[PDB]
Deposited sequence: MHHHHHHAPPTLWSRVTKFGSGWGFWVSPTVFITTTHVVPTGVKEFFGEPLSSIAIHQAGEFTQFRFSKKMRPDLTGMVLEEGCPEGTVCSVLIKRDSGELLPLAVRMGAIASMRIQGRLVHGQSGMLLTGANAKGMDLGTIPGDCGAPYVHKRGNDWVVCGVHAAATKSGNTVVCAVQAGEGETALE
């Protein structure tokens, strides 16, 4: 299942990583990539943004439509165990590098002393090109899967082992 161009157009450079437009007003990312001490995000003052973050998942809901080109899509708290997700990793050049992952259990974990409310997954060696998810710049990339004719987003990239074989997305409680 190939994420279509419009779905990739939601993936946006943010802080030290990426985030994702769920709708014209809702942007999600991983908390540790969010810049701090700033007065605005995407030009909008803090006073016009409703922030909801917990467990390394950050959601911003802007008061104004920031990406009216987008439809609203479903954001879920993780996905059923065994779901194959695509992690929509972009690189700075604009190259698209989707990573296929088989999802495991949703749980609360501590990672580098940070509480991560997340879902573990395993990289699918057999569905990915050899030689992703293992550099700081990849955090915040969305985990998506296709349900019927619709794509669902269910987490943001938060952690991975040194090898990248085991990953964790933060999920919204």
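> Counting from 1 along the deposited sequence, what's missing?
Replying inline: Comparing the full sequence with the modelled residues, the uncovered ranges come out as 1-5, 137-138, 181-188.
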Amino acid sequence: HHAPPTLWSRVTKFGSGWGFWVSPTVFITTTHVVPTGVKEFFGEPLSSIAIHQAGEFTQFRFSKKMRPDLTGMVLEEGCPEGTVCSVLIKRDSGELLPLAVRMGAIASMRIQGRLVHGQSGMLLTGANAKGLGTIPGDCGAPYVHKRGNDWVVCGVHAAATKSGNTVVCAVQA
From here on, numbers count along this sequence of modelled residues.
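Note that the rigid core is defined as the largest set of C-alphas that superpose within 1.5 Å between two forms.
> in 8 other deposited structures of this protein, superposed on the rigid core, which stretch sits farther off in Cα RMS terms, 136-144 or 64-72?
Replying inline: So, of the two stretches, the farther one in 8 other deposited structures of this protein is 136-144.
> Quick one: with the core lined up, is it 154-162 or 17-25 that wanders further in 8 other deposited structures of this protein, going by C-alpha RMS?
Replying inline: This comes out as 154-162, the stretch further from the shown form in 8 other deposited structures of this protein.
> Taking the other compared PDB entries with both flanking residues modelled, is residue 130 unmodelled in at least a third?
Replying inline: Yes, left without coordinates in at least a third.
> What stretch has the higher average Cα B-factor here, 163-171 or 1-9?
Replying inline: Higher of the two, by average CA B-factor, is 1-9.
> Which has higher Cα B-factors on average according to the PDB entry: 154-162 or 21-29?
Replying inline: Comparing 21-29 with 154-162, the higher mean C-alpha B-factor belongs to 154-162.
> At the C-alpha atoms, which of 48, 59, 108, 120 reaches the highest B-factor in this entry?
Replying inline: Highest C-alpha B-factor among the listed options: 108.
>> Looking at the temperature factor on the CA atom of residue 55, which third of the chain's modelled residues does it land in?
In response: For residue 55, whose C-alpha B-factor we compare with every modelled residue in the chain, the answer is the highest third.
> Which third, lowest, middle or highest, does the CA B-factor of residue 113 fall in along this chain?
Replying inline: Tercile = highest for this residue's CA B-factor.
>> Where does the C-alpha B-factor of residue 141 rank in its chain, lowest, middle or highest third?
In response: Its C-alpha B-factor belongs to the lowest third of this chain's values.
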